[PDB]
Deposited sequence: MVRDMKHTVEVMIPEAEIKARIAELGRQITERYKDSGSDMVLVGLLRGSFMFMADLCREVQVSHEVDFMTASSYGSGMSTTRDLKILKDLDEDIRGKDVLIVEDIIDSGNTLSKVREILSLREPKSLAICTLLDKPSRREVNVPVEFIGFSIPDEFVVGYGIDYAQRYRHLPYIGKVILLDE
């Protein structure tokens, strides 16, 4: 405890990147024809999902799922079916790559037309389980970050920008 937070990725930049991601997601699926659904992982992805789904110019459903972050268990499964649909898992950040990994396995079992992941933040240096991540907003070093869904002791989750937890002594 005892710290401060400084802006790392300004709100305006996040917006710009999400717009670009939006164009990409749109391009990648506009011609699929079949149903599409962006699946967000609670709690972390609520804000990113909000902004992102608005930038996706292709009709889709929005469902949320919440898995325990040693066994990965489902605390709240999807409400809608994903069989035969293009599914785009949406997370705020990927580091160890464990949850996204297992969640992706769980969902493939329901035999969807396709499965891809989209994460606002990517921390390559922390990957433990290799998992394919199609769309990434920003690649950053292993920095203590908060905001935009990412919390620190139940805090900063509502920050419109990505912050860096400094930590005084």
Practice task
Provide the list of deposited-sequence positions lacking C-alpha coordinates, grouped into contiguous ranges.
Solution key: 1-4, 74-81, 182
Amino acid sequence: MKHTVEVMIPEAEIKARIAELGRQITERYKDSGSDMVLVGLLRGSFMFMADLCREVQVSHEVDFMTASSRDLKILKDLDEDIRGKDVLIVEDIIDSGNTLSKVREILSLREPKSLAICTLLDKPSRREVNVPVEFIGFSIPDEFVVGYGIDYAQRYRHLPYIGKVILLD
From here on, numbers count along this sequence of modelled residues.
Practice task
Please work out which of 86-94 and 71-79 has the higher mean CA B-factor as recorded in the PDB entry.
Solution key: 71-79
Practice task
State which stretch shows the higher mean Cα B factor in the entry: 60-68 or 133-141.
Solution key: 60-68
Practice task
Going by the CA temperature factor in the entry, name the top one among 110, 54, 127, 43.
Solution key: 127
Problem - Lowest, middle or highest third - CA B-factor, residue 15 - result: middle
Fill in the blank from the handout: For residue 155, the third of its chain by CA B-factor is the highest
